[PDB]
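S.K.: structure of the sequence below:
(one chain, ligands or ions: 1)
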Amino acid sequence: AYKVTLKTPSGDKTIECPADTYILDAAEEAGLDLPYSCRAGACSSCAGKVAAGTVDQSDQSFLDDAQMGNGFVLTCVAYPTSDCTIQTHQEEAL
Ligand code: FES
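M.R.: Numbers count the residues shown, from 1 in each chain. Dropping the coordinates below:
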C-alpha cells in the first residue's frame, strides 16, 4: 500500500492506504478521527492539503481549480497515487 503521512493537529501519523481506498476511509480504519460530513465530494468538511505526493480526487465537485492547484484535497473522495503527506483539518484554511 501507499504510505500516507497524515499531518494532524495531534501529530503526524503514517498509515497504509491501497490505491483503491479513499484517504479518509483508510485513516478511520487506522483509528484516526478526521472531520467529515457528506462523504460525497460536495462540501469542505474533509478538506486536507497535500504537502507531497499525489492523489486522485477526480470525482470531487466542491474545490475550484485554484484550490486544487494549491494542494487542497477532499479526503473523502481522494485515492492516493503515491506515498503522500496530507495536512488534515484544513477546511478553515480554504
Ligand atoms: S465530507 Fe463533504 S466533501 Fe468530503
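S.K.: what comes up buried for stretch 3-11?
M.R.: By neighbour count on 16 or more other C-beta atoms under 10 Å, the buried set for stretch 3-11 is 4-8. Yep, even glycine has a C-beta here, placed from its N, CA and C like the rest.
S.K.: contacting residues around that stretch?
M.R.: The contact list for stretch 3-11 (C-beta atoms under 8 Å, 6 or more residues apart in numbering) reads 12-17, 23, 26-27, 32, 34, 48, 51, 53, 80, 83-89.
S.K.: same question for stretch 22-40.
M.R.: Stretch 22-40 has contacts (C-beta under 8 Å, 6+ apart) with 4, 6, 8, 13, 15-18, 43, 45-46, 48, 55, 73, 75-80, 86, 88-89, 91.
S.K.: how long is that stretch from one end to the other?
M.R.: Using C-alpha to C-alpha, to the nearest Å, one end of stretch 22-40 lies 11 Å from the other.
S.K.: and stretch 79-91, by the same measure?
M.R.: Termini of stretch 79-91 sit 19 Å apart (C-alpha to C-alpha).
S.K.: and the ligand, is it touching that?
M.R.: No. Shown here: stretch 79-91 not in contact with the ligand (C-beta under 6 Å from any ligand atom), separated by at least 9.5 Å.
S.K.: buried set for that stretch?
M.R.: 79-80, 84-90.
S.K.: how near is residue 22 to residue 51?
M.R.: Look at residue 22 and residue 51: by C-beta to C-beta, to the nearest Å, they are 18 Å apart.
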